[PDB]
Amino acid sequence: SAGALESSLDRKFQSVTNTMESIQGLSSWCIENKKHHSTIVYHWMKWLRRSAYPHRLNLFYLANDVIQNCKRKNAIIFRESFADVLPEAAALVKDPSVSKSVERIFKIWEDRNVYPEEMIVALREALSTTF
């Protein structure tokens, strides 16, 4: 389990790209495997730390897709699970090559109340798009 799941997550998080098909395929897999939410987020963050900015952005696209869709898919636990890593993660995507795309994601969450105001403020400060 722990080993099988680690092997899948490594393969999937290494390879996620910027296509709708890549993102939605992996998002669906994550939501199917909601039982393992905490392990999923742990490996997502591991991959975010070890990646360079372009691949960090694709991992943020995956996170956004999961966070958005997990509610209608009866897997709202992912919102709480990702909140564990988002403040640290925001600071790893401050570079202007990617921060505007992440800032957009945070604005979408804010407008829809996906996370509360005070959490989004803390994330935008970490991104350096609000001071």
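Position 1 is the first residue in the sequence shown; the rest follow in order.
K.L.:
Determine, for stretches 63-71 and 23-31, which one has the higher mean CA B-factor as deposited.
P.N.:
Stretch with the greater average CA B-factor: 23-31.
K.L.:
On average, are the C-alpha B-factors higher in 76-84 or in 54-62?
P.N.:
Mean CA B-factor is higher for 76-84.
K.L.:
Based on the deposited C-alpha B factors for this chain, I'd like to know if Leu123 is in the lowest, middle or highest third.
P.N.:
It belongs to the middle third of the chain when residues are ordered by C-alpha B-factor.
K.L.:
Of the three thirds of its chain by CA temperature factor, lowest, middle or highest, which one includes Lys100?
P.N.:
Within its chain, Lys100 is a highest-third residue by C-alpha B-factor, going by the deposited values.
K.L.:
Can you work out whether the C-alpha temperature factor of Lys46 puts it in the lowest, middle or highest third of the chain?
P.N.:
CA B-factor rank for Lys46: middle third.
K.L.:
Where does the C-alpha B-factor of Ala90 rank in its chain, lowest, middle or highest third?
P.N.:
For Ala90, whose C-alpha B-factor we compare with every modelled residue in the chain, the answer is the middle third.
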